[PDB]
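1. This one's a deposited entry, sequence included:
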Amino acid sequence: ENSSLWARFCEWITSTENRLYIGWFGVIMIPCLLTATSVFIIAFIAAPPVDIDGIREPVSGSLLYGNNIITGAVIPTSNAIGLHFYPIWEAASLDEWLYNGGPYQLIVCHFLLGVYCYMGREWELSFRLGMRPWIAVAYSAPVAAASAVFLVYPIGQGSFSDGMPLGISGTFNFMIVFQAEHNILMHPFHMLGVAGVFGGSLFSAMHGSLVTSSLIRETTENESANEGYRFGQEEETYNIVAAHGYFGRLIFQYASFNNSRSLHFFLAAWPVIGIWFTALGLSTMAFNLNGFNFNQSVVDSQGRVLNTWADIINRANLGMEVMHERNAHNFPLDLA
Amino acid sequence: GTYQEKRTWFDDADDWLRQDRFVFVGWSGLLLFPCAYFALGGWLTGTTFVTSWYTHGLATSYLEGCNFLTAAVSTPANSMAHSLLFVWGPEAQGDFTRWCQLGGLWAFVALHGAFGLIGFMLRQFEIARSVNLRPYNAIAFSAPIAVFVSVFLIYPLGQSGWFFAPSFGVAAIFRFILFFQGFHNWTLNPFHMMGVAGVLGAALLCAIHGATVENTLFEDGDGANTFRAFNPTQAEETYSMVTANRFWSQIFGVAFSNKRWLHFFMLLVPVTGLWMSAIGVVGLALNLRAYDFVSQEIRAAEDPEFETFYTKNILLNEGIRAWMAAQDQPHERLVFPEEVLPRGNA
Amino acid sequence: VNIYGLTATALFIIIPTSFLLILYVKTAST
Amino acid sequence: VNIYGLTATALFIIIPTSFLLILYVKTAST
Amino acid sequence: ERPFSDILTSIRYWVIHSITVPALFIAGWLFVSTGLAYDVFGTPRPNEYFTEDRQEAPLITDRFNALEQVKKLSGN
Amino acid sequence: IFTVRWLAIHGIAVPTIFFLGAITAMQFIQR
Amino acid sequence: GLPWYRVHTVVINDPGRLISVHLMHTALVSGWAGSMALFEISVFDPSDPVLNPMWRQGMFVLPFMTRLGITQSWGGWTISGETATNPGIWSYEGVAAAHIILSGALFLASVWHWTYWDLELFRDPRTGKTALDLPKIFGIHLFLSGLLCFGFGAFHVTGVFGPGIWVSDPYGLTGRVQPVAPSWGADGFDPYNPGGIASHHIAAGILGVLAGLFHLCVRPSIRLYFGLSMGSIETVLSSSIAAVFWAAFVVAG
Amino acid sequence: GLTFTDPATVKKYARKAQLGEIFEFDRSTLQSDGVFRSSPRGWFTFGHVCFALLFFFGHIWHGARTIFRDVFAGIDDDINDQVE
Amino acid sequence: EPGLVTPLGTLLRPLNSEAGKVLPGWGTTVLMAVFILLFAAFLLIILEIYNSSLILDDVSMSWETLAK
Amino acid sequence: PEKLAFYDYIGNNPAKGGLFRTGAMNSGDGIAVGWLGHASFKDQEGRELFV
Amino acid sequence: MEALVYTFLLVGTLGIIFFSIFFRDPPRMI
Amino acid sequence: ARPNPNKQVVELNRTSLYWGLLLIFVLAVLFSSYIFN
Amino acid sequence: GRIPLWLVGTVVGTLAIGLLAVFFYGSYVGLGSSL
Ligand code: CLA
Ligand code: CLA
Ligand code: CLA
Ligand code: CLA
Ligand SMILES: C=Cc1c(C)c2cc3nc(c4c5[nH]c(cc6nc(cc1[nH]2)C(C)=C6CC)c(C)c5C(=O)[C@@H]4C(=O)OC)[C@@H](CCC(=O)OC/C=C(\C)CCC[C@H](C)CCC[C@H](C)CCCC(C)C)[C@@H]3C
Ligand SMILES: CCCCCCCCCCCCCCCC(=O)OC[C@H](CO[C@@H]1O[C@H](CS(=O)(=O)O)[C@@H](O)[C@H](O)[C@H]1O)OC(=O)CCCCCCCCCCCCCCC
Ligand SMILES: CC1=C(/C=C/C(C)=C/C=C/C(C)=C/C=C/C=C(C)/C=C/C=C(C)/C=C/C2=C(C)CCCC2(C)C)C(C)(C)CCC1
Ligand SMILES: CC1=C(/C=C/C(C)=C/C=C/C(C)=C/C=C/C=C(C)/C=C/C=C(C)/C=C/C2=C(C)CCCC2(C)C)C(C)(C)CCC1
Ligand code: OEX
Ligand SMILES: [Fe+2]
């Protein structure tokens, strides 16, 4: 028509008729995730071993170097680099990039930029369909959690080596070293997040049971119960008064939601608020505000010290403090 | 029925038991209510007044200075190791104030908790049959029972004592968790790796379905407080399953299309997770743990250049075992020179 | 290598794979 | 033993076995 | 009767739960402040953990013989 | 008044006010 | 049509196919044990029993044959330190071939009851439809359960007709299969007493017979009928699954 | 009736002395890896607890199917009688 | 329609014949509850023996007991 | 006896196992060939020590 | 050897994820 | 003899094929790390 | 009813948050005070 080249282009990005919606976050999400995906696969398979700690003992992380799926990892950037922006072109040779912890910092910068914008297009499509916009808020609870383990925690420590590796056994070392230095289990933000998922799983097992247990009889018994629902129907597929009536007898009548719109808000609000504190937990633990510490706290008269369980957890932490980075510490404090 | 049989005393008792009330008693209430009440009441008594100085050798009460985090109803000592510690039995012999001192108030709570959990699951059966529903709420609660029975009962009945059970306290769990990392390497048991995916996967279905419903609602009121516009007896649904399909179909790629299958999928993901983690504790009760990979312990034995994070984790498990087990297992009477424990430097 | 490692995996993949294919192909021909 | 001996046989048996079963089961459901 | 709103508004409620409530609280104060709680349950006082015989944490190591043994470790 | 609902409250509400007398007096115990 | 997990409930209506399936599952369980025995005796090492014993070799079904009195192979070796005078027909190889010919027998019986599923034995009178007298059918199996339990104790353990069971010394240094005599006092409940085993099967064998004649003769109450839902084929299934893990915790412990 | 005072040999047998008694083996006959395993007493116990604890779920599901047989296909239309 | 009639089917026919007949009232149910409460007490014998929670004079419950 | 010194050996304990360590116990640490005799650990002053 | 067996099973999972998006069973309204 | 009136049919739609094949491959990614040790 | 509910919850809710401050006060002094 009389439309420009640009208007032809903007009526394609914001077109909802596409199989996967792009939108304007997706024009910079899609080339960042396909960057970060395609480099994650290669370094998980063919990365040469990385000096993680700067002491020139390279750690293996590739499947081609005698690892399996569980011990495979993408090894973090070396301790000598620290927080210096280390792209591919600052290295002289390409193998100097790989040995120093190259593809960790390439992935994380494209990953975190990708998931900030995957949250963006969850808003953007919801504006293109007339939906209410707050699904993008609920995706910020993992985005707050993933920003902390990759970016907010290496800032407070000063190096990308202390961030979390991209591996299954790589994660498990990061959980151990963290609690040895910061005692995460004795921090009320990790206590909220633990209740965020034990409550979150309970509120899914309980809600999903009662909707299944109040289904209306529409099929036979040889046919599955999922055939009673036909897609896009108007009438309700389960009795709601019967499930409040059941759950009202179960504990007491005031302990239930009869308003199903107030119910589904509670299912959204409980884990999302819970993950927000355990995302802010290690965000504050990144700036060295560890947790509780009740060592040598219960004492009697005559100046003696009684053990508690907190002194037992001390012995676990003290056994891991003196073992992580085994050839690094030249000095009797772990300030770094 | 329909032939005029007479009424007996048992029939008369049933009407009082299955009478509608502010709290439902039923027949299962005779098993539930005196067994559940003594469990938590036996927990609050032990965490407040009852020591642990003779069993483990460490204070555990509010009457000793331990706060809410560090108070625990502690397990018995490893001397008994499998006794039920009856208050009349030979380890106690009637004396109550010496019965608590041997840690026997642990077994008062664990055993009265088990018959509580049977009774509470039976509670969900007779309420469902009264209202004539389907039993799926009862079937989901078996997965908390399988976690309870395997961890607190099958695991000490496989290990060397009730001593190695968890104690009913906050920080006392925190060593039991840290017990399983060093001594078992429990994070590499795939039965726990399928437990985590059940827990974190069900936390994700609680957050999406609660937000997809809340953002695809139908405009039925005029006040912007959209909770006001729900008559719960209405025949139509309150949100748009068509629109919610097309959102995640273009955001994520594949979405639900079946409201019956969806809530059942929210049933299946947490229940399979715990049931596939009750199997892993059974292997730990026999110490059939997935501690090692053979083909990397060999390669790290002959070469001081090869390592992974796996071999860095085996050293950290040695740091938990060789350090805390001096105080954690006092029945083993073992002492350590400060040269026999592994360290790094400085 | 476990000699029975790759062939306990191969039977674990192919036999329930071929189980689900049989039920699906008779379904889609209805 | 040829390590690949028993697993080249096993794939030779199970994959054309499962091929013919799929065509037969959709046939007999007609 | 009693839909739970009228209970927490009536004055016959607050003429009963203003007398039995502190009398249950003060009796809870006396149970520990008089030293009764240390002996009815058996937790040691702060001047009672270590006796003159032992100077470390107690330890049983005998199943059927624990009742008389703990009475030695208690210092009694 | 001996109601099933009343017993459920006073089976819990009576021992919890007895215990709050204990812990508050535990806070004023010196070393 | 069905889902994939309700496919075996076509059997729940008619009685006749349910025998045919329960024969097929019985043919597999035996045919495992015949296959597991022949596999293992072909990889057994009878050389050094004092120091490379039977248990260390890593072995599953052959101690369960040895415990009830099978100590000789057709190869001519024994366990305890001698060779075979004559193995007899019931040896390691013969018991292994006993289950497989049993398995091919029970395979064929499944094929018969699958084809001739419709029998007048099953269609009861005064309705003319498929039913099962579920209490009376229990008395017929409970009678024959204790009758095999009585016969095992009086004969196979006592040594009147069978060989006995394995009995060791306290420290494993010796021991073999001799007949034992039952112990009836409080020692019969010592689990390390072998005499309690023969005492158990004679005592529990009699009571199952007396319970077997009870449940044949006494019809259940109408109040207890509708409570435990006697008229359905699945109330026995949920209870037989309930009984068998009570067994499996005791057996594992 | 031998003696050793060798600084390598004493450690080489004191490490073996933790394991109970001292032995000689042949790790070339079966190509042994050097790390232990579990006796069939241990394997039989594992199977018949995992089976048993799984059969506990089977008892519930078929126990719940017999009692709730009438409403297996989903509940009926009107069950709104139960409102107090 | 009729079923199929076999020689062994007519023989076992009166065994699977009276499907449905029950006793009115309560029957032998109170007599059944006697045997359950005994058998539950019987298990508390052999458990608290085998837990060594009750000690008898002729058992000692070790491997030594098995060897006379 | 040689047998009673064989039952007293932690490599025969089934709790010293692994979940994915397949096969025989003899595949773990070889077929036992012979007993090597009771070690006794003497001090420089001849005082016997215990492991 | 197993380093190529692992990469088969990784890209095998990514195979279904391609087929589960674009070749899905299309949901039909009403 | 007579045709059995209990003949039922089994079906597995495409959205259930994808949960099946993705179930099998994922735990085959899981456990194959342990089978080879 | 007689007494308005809103100053019932204020008086109780003050005496609950007044009660919590003692347990924080008792955390730095007395037993378990680490001194
Ligand atoms: C119904 C609820 C219920 C249940 C299931 C249990 C269950 C249990 N309790 Mg708890 N308890 C309860 C109510 C309950 N209790 C109440 C209400 C109280 C307050 C008084 C207690 C107080 C309490 C204490 C203080 C203790 C227990 C203990 C126990 C355990 C031991 C069981 C035992 O030895 O009983 C054995 C008895 C039976 C199983 C009854 C069987 C019925 C018999 C066979 C009928 C025959 C009677 C006949 C007349 C006998 C004739 C004898 C003649 C020859 C002289 C068990 C877990 C102990 C424990 O926890 O272990 C550490 C313990 O120390 N309970
Ligand atoms: C004595 C045992 C027994 C028997 C006879 C039955 C019989 C039945 N069950 Mg039940 N069930 C049992 C144990 C048993 N169950 C246990 C222990 C569990 C807990 C896991 C269940 C859980 C269960 C559920 C959740 C359901 C049934 C259903 C059914 C019905 C059809 C089964 C079907 O279509 O499966 C078809 C099976 C397949 C197509 C293959 C399954 C493949 C399995 C999972 C793995 C491969 C088998 C394995 C290698 C063999 C090893 C056996 C093991 C014992 C060693 C039928 C009435 C269904 C029902 O009642 O709906 C009407 C149903 O939905 N059962
Ligand atoms: C002359 C009489 C006589 C004698 C000497 C015996 C002798 C014996 N009987 Mg027999 N018995 C007899 C008559 C006799 N019986 C009669 C008349 C009956 C009635 C038919 C029985 C019924 C019977 C049964 C049902 C059992 C015995 C058992 C035993 C053995 C003693 C207990 C034992 O070994 O401890 C070991 C066994 C136990 C301590 C039983 C533990 C039961 C626990 C509570 C089950 C736990 C499951 C539960 C669900 C918990 C799981 C969850 C948990 C992990 C958290 C011994 C061989 C037991 C046996 O089989 O021996 C192995 C047994 O279970 N007897
Ligand atoms: C013809 C009879 C016969 C005989 C003599 C044998 C003999 C043998 N079999 Mg074979 N077997 C047979 C039939 C037979 N089998 C059949 C028909 C099957 C198919 C199901 C099998 C399947 C089979 C397997 C799978 C295995 C054997 C094994 C064995 C060996 C040891 C059996 C053992 O210790 O079990 C001990 C039996 C028990 C502990 C069961 C006790 C009964 C329980 C507790 C159930 C009680 C419930 C009941 C209702 C009781 C209530 C009544 C009471 C109240 C009165 C032995 C060589 C084992 C072996 O060594 O491999 C070769 C083995 O693994 N057999
Ligand atoms: C730690 C996590 C956790 C807790 C605290 C918890 C708690 C609860 N869940 C319940 C229900 C459920 N939860 C379910 C699935 C799940 N539940 C999960 C995890 C949990 N569930 C998970 C992960 C799932 C997913 C499978 C379902 C499906 C239900 C219900 O339907 C049920 C309900 O209706 O909720 C309202 C309630 C049980 C009522 C009851 O038996 O009281 C009676 C009390 C008894 C029987 C005494 C128990 C005694 C215990 C076992 C031992 C004593 C422990 C001490 C008292 C406390 C020790 C505390 C220390 C650890 C600090 C209760 C609110
Ligand atoms: C990154 C990639 C890495 C490598 C990938 C390896 C993948 C391996 C796993 C493949 C999983 C296949 C599962 C089943 C797929 C399915 O059911 O599709 C069903 C669709 C139905 O689409 C239908 O098509 C119809 C049109 S028409 O009739 O077909 O013309 C239409 O009517 C209907 O709406 C539409 O649904 O069938 C097709 O149209 C395409 C054929 C699919 C069958 C071939 C798949 C196998 C070959 C894959 C490539 C080689 C891999 C080597 C190993 C085989
Ligand atoms: C052992 C025993 C027994 C029992 C007893 C009992 C049962 C008791 C009970 C008890 C109880 C029953 C108790 C209770 C308690 C409670 C408490 C102690 C509480 C506390 C709390 C707190 C401290 C907190 C609070 C709060 C919260 C929650 C939060 C917010 C704030 C407030 C403050 C509000 C018997 C007899 C069997 C036998 C003998 C001995
Ligand atoms: C997966 C798995 C499993 C399972 C397994 C199984 C299940 C197995 C089985 C196996 C089996 C189950 C086998 C069987 C076999 C059989 C056989 C091998 C048989 C044979 C027979 C025959 C050959 C016969 C013949 C004949 C006939 C037919 C006619 C008559 C005569 C005669 C004899 C000739 C489990 C989980 C446990 C674990 C491991 C893995
Ligand atoms: O980097 Mn990973 O962990 Ca933060 O402390 Mn020092 O440095 Mn290292 O050690 Mn401790
Ligand atoms: Fe919902």
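-> Happy to help now that I have it. Numbering: from 1, shown residues only, chains lettered A, B, ... in the order given. Ligands and ions are numbered 1, 2, ... in the order given.
2. For whichever residue of chain C sits closest to chain F, what is the enclosing helix or strand?
-> Closest residue of chain C to chain F, CB to the nearest CB: residue C:16 (51.2 Å). Where you see a C-beta, it was placed from the backbone N, CA and C, and this is true even at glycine. In the assignment (DSSP states H and E), residue C:16 maps to helix C:5-28.
3. Give me the contact list for that helix.
-> Residues outside helix C:5-28 that contact it (CB atoms under 8 Å, 6 or more residues apart in numbering or on different chains) are D:6-7, D:10-11, D:14-15, D:18, D:21-22, D:25-26, D:29, G:4, K:1-2, K:5, L:10-14, L:16-17, L:20-21, L:24-25, L:28, L:32, L:35-37.
4. I'd like to know how many residues surround the nearest residue to residue E:25 once chain neighbours are set aside.
-> Among residues not flanking residue E:25 along the chain, residue F:21 sits closest, at 4.7 Å (CB to CB, 6 or more residues apart in numbering or on different chains). Per other CB atoms under 10 Å in any protein chain shown, the neighbour tally for residue F:21 reads 20.
5. ok, so what distance separates residue F:21 from residue I:30?
-> Going from residue F:21 to residue I:30 by CB to CB, to the nearest Å gives 49 Å.
6. returning to what we had before: only whichever of the contacts of helix C:5-28 are buried, select them in PyMOL.
-> To isolate the buried members of the contacts of helix C:5-28 in PyMOL, using 16 or more other CB atoms under 10 Å in any protein chain shown:
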select buried, (chain D and resi 7+14+18+22+25+26) or (chain K and resi 2+5) or (chain L and resi 10+11+12+16+17+20+21+24+25+28+32+35+36+37)
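7. The residue minimising distance to the centre of chain M: which element?
-> Residue closest to the average C-alpha location in chain M (CA atoms, centre = their mean): residue M:19, at 1.9 Å. Following DSSP H and E, one finds residue M:19 within helix M:6-28.
8. hmm, that helix touching ligand 7?
-> Yes. Contact of helix M:6-28 with ligand 7 (CB under 6 Å from any ligand atom) involves M:16, M:19-20.
9. Could you point out the helix or strand that follows the helix or strand harbouring residue B:210?
-> Residue B:210 belongs to helix B:190-215 when assigned by DSSP H and E. For helix B:190-215, the succeeding helix or strand toward the C-terminus, using DSSP H and E, is helix B:241-251.
10. Next, see if the next helix or strand after that next one gets close to chain G.
-> Under the assignment DSSP H and E, the closest C-terminal helix or strand after helix B:241-251 is helix B:259-285. No. Applying CB under 8 Å from any CB of the partner chain, one finds helix B:259-285 separated from chain G by no less than 9.9 Å.
11. gap between helix B:259-285 and the chain center?
-> Centroid separation between helix B:259-285 and its chain, computed with CA atoms, centre = their mean, to the nearest Å, is 13 Å.
12. OK, contacts around the closest residue to residue K:9 other than its chain neighbours?
-> Excluding its sequence neighbours, the residue lying closest to residue K:9 (CB to CB, 6+ apart) is residue L:29, at 5.0 Å. Going by CB under 8 Å, 6+ apart, residue L:29 touches A:69, K:9-10, K:13.
13. Then residue A:24?
-> Here residue A:24 is in contact with A:13-14, A:120, A:124 (CB under 8 Å, 6+ apart).
14. okay, now residue 29: neighbour count?
-> No chain specified, so I'll use chain A. 21.
15. That was the other one, I meant chain M.
-> Counted with other CB under 10 Å, residue M:29 comes out at 12.
16. just the one 4 residues further on next, same as before
-> Using other CB under 10 Å as the criterion, residue M:33 is surrounded by 15 other residues.
17. State the distance from it to residue A:297.
-> Residue M:33 is 8 Å from residue A:297, where distance means CB to CB.
18. What of residue F:20?
-> 23 Å.
19. which one of these two has more residues nearby?
-> The residue with more neighbours, out of residue F:20 and residue A:297, is residue A:297; 22 against 15, by other CB under 10 Å.
20. SS state for the nearest residue to that one once chain neighbours are set aside?
-> Excluding its sequence neighbours, the residue lying closest to residue A:297 (CB to CB, 6+ apart) is residue M:34, at 4.0 Å. Of the three states, residue M:34 takes coil under DSSP: H, G, I helix; E, B strand; the rest coil.
21. if we can go back for a sec, can you name the helix or strand that the residue nearest to residue E:25 falls in?
-> Using DSSP H and E, residue F:21 falls within helix F:4-26.
22. Repeat that for residue B:166.
-> Residue B:166 belongs to no helix or strand, assigned by DSSP H and E.
23. What helix or strand is the residue lying closest to it once chain neighbours are set aside located in?
-> Leaving out its chain neighbours, the residue that sits closest to residue B:166 by CB to CB, 6+ apart is residue B:176, at 4.3 Å. Under the criterion of DSSP H and E, residue B:176 resides in helix B:170-182.
24. How about residue G:238?
-> In the assignment (DSSP H and E), residue G:238 maps to helix G:235-252.
25. and that helix, C-alpha only, in PDB?
-> Output in PDB follows, covering the C-alpha atoms of helix G:235-252 (Å, rounded to 0.1, in the frame of the first residue of the first chain):
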ATOM      1  CA  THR G 235     -12.000 -55.400  48.400                       C
ATOM      2  CA  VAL G 236      -9.800 -58.500  48.600                       C
ATOM      3  CA  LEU G 237      -7.200 -56.900  46.300                       C
ATOM      4  CA  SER G 238      -6.800 -53.800  48.400                       C
ATOM      5  CA  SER G 239      -6.400 -56.100  51.500                       C
ATOM      6  CA  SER G 240      -4.100 -58.600  49.800                       C
ATOM      7  CA  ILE G 241      -1.900 -55.700  48.900                       C
ATOM      8  CA  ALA G 242      -2.300 -54.600  52.500                       C
ATOM      9  CA  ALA G 243      -1.300 -58.000  53.800                       C
ATOM     10  CA  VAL G 244       1.700 -58.600  51.700                       C
ATOM     11  CA  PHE G 245       3.700 -55.500  52.700                       C
ATOM     12  CA  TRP G 246       3.100 -56.400  56.300                       C
ATOM     13  CA  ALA G 247       4.900 -59.500  55.200                       C
ATOM     14  CA  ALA G 248       7.600 -57.700  53.400                       C
ATOM     15  CA  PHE G 249       8.600 -55.500  56.300                       C
ATOM     16  CA  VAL G 250       8.900 -58.600  58.500                       C
ATOM     17  CA  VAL G 251      10.900 -60.400  55.900                       C
ATOM     18  CA  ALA G 252      13.200 -57.500  55.300                       C
END
